[PDB]
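Q: Sharing a structure here in structure tokens format.
Nothing in this text is a laboratory measurement; each read-out follows from the coordinates by a stated rule. Cβ placement follows ideal geometry from the backbone for every residue including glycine, while neighbour counts extend to all protein chains displayed.
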Amino acid sequence: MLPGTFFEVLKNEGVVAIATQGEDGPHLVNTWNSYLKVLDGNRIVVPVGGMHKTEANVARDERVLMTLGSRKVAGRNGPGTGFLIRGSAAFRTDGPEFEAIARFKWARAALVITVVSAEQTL
Ligand SMILES: Cc1cc2nc3c(=O)[nH]c(=O)nc-3n(C[C@H](O)[C@H](O)[C@H](O)COP(=O)(O)O)c2cc1C
């Protein structure tokens, strides 16, 4: 479950990060809201085109942390706010995830995240 404020930050431009737990250390990678997609049941998706260690890390462990933010709403670090979130990841080359990310031309997979809980931080 997520606050309305989460969605409103996704609606805007910002950077996001995804800490993919695997085994040989979690890999806190980056992405842009302009590349992400939200689904119902608060499921979110990231287009994986070159998140390699993250591919191995999801394949070993579903555990992921996700930091999102925007440059259009003021937080603590400069005029940019965001949240720390947790969920289970799953790579898919199928579903409304892969369809709604198909709009890109460099996606190798839809890194689907089944978010569970958020807290506002930055
Ligand atoms: C700001 C930023 C956004 C990025 N966005 C994406 C993205 O949405 N999808 C992607 O596959 N690669 C993206 N990358 C490139 C790499 O995937 C990213 O650097 C990642 O850490 C590499 O992780 P890996 O060791 O698992 O390959 C992005 C890199 C940066 C710095």
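Q: Select from region 86-105 the residues that are assigned to a helix (DSSP H, G or I) and either closer than 17 Å to residue 31 by Cα or in contact (Cβ under 8 Å) with a residue 60 or more places away in the chain (or both) and list them in ascending order.
A: Initial filter on region 86-105 (assigned to a helix (DSSP H, G or I)): 95-102.
Matches in region 86-105: 97, 98, 100, 101, 102.
Q: Name the residue, out of 68, 36, 122, that is within 16 Å of the ligand (Cβ to nearest atom) and buried (at least 22 other Cβ atoms within 10 Å of the Cβ). Don't jump to the end; show me each part of the working.
A: Numbers: 36 fails: buried (at least 22 other Cβ atoms within 10 Å of the Cβ); 122 fails: buried (at least 22 other Cβ atoms within 10 Å of the Cβ).
None of the other options fit; the residue is 68.
Q: Looking at (1) out of contact with any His (no Cβ under 6 Å at 6 or more places or on another chain); (2) within 15 Å of the ligand (Cβ to nearest atom); (3) not in a loop (DSSP other than H, G, I, E, B), which one does residue 25 not meet, given that it meets all the others?
A: All conditions are met except number (3).
Q: Does region 69-84 contain at least one residue that is within 20 Å of residue 101 (Cα to Cα) and not small (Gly, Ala, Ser)?
A: No - not one qualifying residue is present in region 69-84.
Q: Can you tell me which residues in region 103-116 are of a type outside the set (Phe, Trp, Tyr) and loosely packed, with under 12 Cβ neighbours inside 10 Å? Show your work before the answer.
A: As a first pass, look at region 103-116 and keep what is of a type outside the set (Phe, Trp, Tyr): 103, 105, 107-116.
Residues satisfying the conditions are 103, 105.
Q: Conditions: (1) under 23 Å from residue 9 (Cβ atoms); (2) over 12 Å from the mean Cα position of the chain (by Cα); (3) free of Cβ contacts under 8 Å to residues at least 60 places away in the same chain. Residue 70 meets all but one. Number of the miss?
A: Condition not satisfied by residue 70: (3).
Q: All but one of (1) touching a residue at least 24 places away in the same chain (Cβ under 8 Å); (2) in contact with a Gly (Cβ under 9 Å, 6 or more places away or on another chain) hold for residue 5, so report the exception by its number.
A: (2)
Q: Filter region 47-65 down to residues that are near the ligand (Cβ under 6 Å from one of its atoms) and either touching a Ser or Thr at 6+ places or on another chain (Cβ under 6 Å) or in contact (Cβ under 8 Å) with a residue 12 or more places away in the chain (or both), then give me how many there are. Quick ask: steps written out before the conclusion?
A: From region 47-65, those near the ligand (Cβ under 6 Å from one of its atoms) are 47-54; that's our starting set.
Subsequent filtering for residues that are either touching a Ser or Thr at 6+ places or on another chain (Cβ under 6 Å) or in contact (Cβ under 8 Å) with a residue 12 or more places away in the chain (or both) retains 47-51, 53-54.
Qualifying residue count for the region: 7.
Q: Looking at region 106-118, can you tell me whether even one residue there is closer than 13 Å to residue 5 by Cα, touching a residue at least 12 places away in the same chain (Cβ under 8 Å) and not in a loop (DSSP other than H, G, I, E, B)?
A: yes
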